Amino acid sequence: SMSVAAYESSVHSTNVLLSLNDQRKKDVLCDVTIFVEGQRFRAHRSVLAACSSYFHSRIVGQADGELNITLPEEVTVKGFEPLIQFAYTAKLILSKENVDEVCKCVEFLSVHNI
Amino acid sequence: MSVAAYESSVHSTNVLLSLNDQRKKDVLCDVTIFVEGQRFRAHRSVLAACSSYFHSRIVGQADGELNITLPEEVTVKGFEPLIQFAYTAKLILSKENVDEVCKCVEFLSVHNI
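Heads up: the protein sequence lines correspond to chains C and D, in order. Numbered continuously in PDB author numbering, the first sequence closes out at residue 118. Numbered continuously in PDB author numbering, the second sequence closes out at residue 118.
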């Protein structure tokens with residue numbers, strides 16, 4: 005009976021991000037490897053660029069093929085793992101044990117929205 | 006405090022809007038969709054996340070650029086509102102486009118609807 009309907013979903017963005025997290029965890033449809041202290045992390049260059057000024061600058065311009073990025077020794081796995089989890093889930097867990105390294109890694113990567 | 010667990014209510018929305026900006030600018034995209042001859046750029050990860058049809062045509066494919074042509078039953082009139090929904094969480098229907106959008110929803114099996 006209506007001429008126009010404009011709908012919004014409050015959960016769709018959350019569902020997409022959690023789908024992307026599942027892909028990351030399964031290493032399915034990923035397109036960049038991040039090396040942190042030599043350890044391998046798979047991700048999507050689109051998401052990394054969306055969440056970090058540092059990654060954005062190392063990703064825009066690069067070949068469309070497989071991309072490998074090595075982070076320097078300032079970034080530790082202890083500081084990076086909580087932040088890649090935040091990027092893909094919107095949840096950040098800090099402990100007294102990891103807070104100094106996560107802080108360091110946030111500064112280094114300039115993660116948006118802390 | 007020994008432990009702090011934070012959640013952001015706006016982060017997923019911010020990420021999706023960043024991905025939409027990349028789509029619109031054709032930056033960091035990795036798949037081209039052809040619909041009624043018209044070209045749309047997107048991210049295979051997002052398309053697979055939002056559509057069972059796309060998921061089936063994406064998983065297993067070569068790592069390089071991927072081109073997917075949708076058959077003549079999918080129209081631009083019906084697809085454009087859905088690709089916008091996939092990337093923005095907003096769906097606009099009109100009397101003019103509702104039949105085609107419905108058809109394309111059936112064809113693609115777009116989730117969260």
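Note that beta-carbon positions come from the ideal geometry of N, C-alpha and C, so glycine has one too.
Would you say residue i faces chain D, with C-beta separation under 8 Å as the test?
i                      : result
residue 49 of chain C  : yes
residue 30 of chain C  : no
residue 82 of chain C  : no
residue 114 of chain C : no
residue 98 of chain C  : yes
Identify the contact partners of residue i in chain D, using a Cβ-Cβ distance below 7 Å as the criterion.
i                     : result
residue 27 of chain C : 50
residue 12 of chain C : 94, 95
residue 23 of chain C : 54
Consider the Cβ of residue i: report whether some Cβ of chain C lies at a distance smaller than 8 Å.
i                     : result
residue 55 of chain D : yes
residue 67 of chain D : no
residue 8 of chain D  : yes
As a quick exercise: from the options, pick the residue whose alpha carbon is nearest that of residue i.
i                      : options                : result
residue 109 of chain C : C/41, C/47, C/30, C/49 : C/41
residue 90 of chain D  : D/24, D/13, D/7        : D/24
residue 69 of chain C  : C/17, C/9, C/36        : C/36
residue 94 of chain C  : C/79, C/118, C/84      : C/118
Run through chain C and tell me which residues come within less than 8 Å of residue i, C-beta to C-beta.
i                      : result
residue 85 of chain D  : Simply none; closest approach about 15 Å.
residue 63 of chain D  : 33
residue 102 of chain D : Going along chain C, no residue has its Cβ under 8 Å from residue 102 of chain D, so there is no contact; the nearest lies around 10 Å.
In chain C, which residues lie less than 7 Å from residue i when you measure between Cβ atoms?
i                     : result
residue 70 of chain D : 68
residue 18 of chain D : 17
Within the region 16-62 of chain D, ranges of the alpha helix (DSSP H) (whole runs, at least 4 residues):
16-30, 49-55
Ordered list of alpha helix (DSSP H) runs contained in the region 61-108 of chain C, each at least 4 residues:
81-93
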